[PDB]
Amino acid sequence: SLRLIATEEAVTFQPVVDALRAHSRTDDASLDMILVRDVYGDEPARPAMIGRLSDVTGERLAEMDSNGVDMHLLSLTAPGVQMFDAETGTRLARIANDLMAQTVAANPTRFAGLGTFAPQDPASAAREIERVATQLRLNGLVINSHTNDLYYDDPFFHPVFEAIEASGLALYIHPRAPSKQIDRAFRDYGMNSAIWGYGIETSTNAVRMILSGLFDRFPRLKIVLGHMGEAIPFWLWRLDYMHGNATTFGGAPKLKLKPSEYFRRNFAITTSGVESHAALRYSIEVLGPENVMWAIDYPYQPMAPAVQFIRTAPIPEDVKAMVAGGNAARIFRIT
């Protein structure tokens, strides 16, 4: 009876897989090359991952059925098309988006989809964002933190955000590995990945977006952050408290709202990879129950424990319905 819509569910498609296979052989210094080699490289350390990522109607659907999961909201897996040059990224984003729409239409009661884009070329990205919203009628958008080691405060990306805001599509900002601005401290102990780097990279991106005033410029933007908001919900009081010093002594711009007010107004979060009732309850309290969505983070996380996490959450049934799927249905235009 509980409607479950998992909102951070990765997929890939052959043309992107082939491109990453070739890219894995190059001398790119980006920290994502660790993942890219492990999954897409010759002699990969994780040889089953491409199969599990590519599968939609086999193991994925059987697991959804076994666990009573109604839908996956699908996204091209990190690092998407962002590691390629502008020309290649742009070509592949179109291809990946068409394949995403095709995948969704084969089973639209079970799958919804986010389109992606190649912000290496902001004008072409804005055009693809319009095409995703209007021509393909996809459910929203996904991008994997930084592009070209720049964050989304940079005015270079204004045409992208202008297009996103006009489109009405929410943007899921998924992690990728720490950019070159920060990667040096994430080369050890597997910290390049989900264990630490992903969170630091993505949250820092989001915080720069807020403090730069991007949400005064584009106030109707809706951003979604996985991994219980990449911990930003935990830092809200300190973000607010220290903002006066930042504008006064630090040369940060004056904002109309407080940092945490942008977070509640313009962001929503998902529970991907943070199956903690305590953290879920914290987030509901400080963000409000309309701002928290459930996710699995399949195939990197197994479905069963993610499902049982939300089914057993110590919150009222109406709030649980919102988190399990009601909020996603609203935010990602799912019927």
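Numbers follow the displayed sequence, beginning with 1.
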Q) So 155 to 163 or 68 to 76, which one's hotter by mean CA B-factor in the entry? A) 155 to 163
Q: Higher average CA B factor in the deposited record is what I'm after, so tell me if that's 86 to 94 or 255 to 263.
A: 86 to 94
Q: Identify, among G250, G213, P178, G140, the residue whose C-alpha carries the highest B-factor in the deposited PDB entry.
A: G250
Q: Identify, among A246, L221, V224, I195, the residue whose C-alpha carries the highest B-factor in the deposited PDB entry.
A: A246
Q: Give the position of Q301 by CA B-factor within its chain, expressed as the lowest, middle or highest third.
A: middle
Q.
Test of reading the entry: by CA B factor among the chain's modelled residues, which third contains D318?
A. middle
Q. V307: which third of its chain by C-alpha temperature factor?
A. lowest
Q: Looking at the entry's B-factor column for C-alpha atoms only, identify whether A170 ranks in the lowest, middle or highest third of its chain.
A: lowest
Q. If you rank every modelled residue in this chain by C-alpha B factor, which third holds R110: lowest, middle or highest?
A. middle
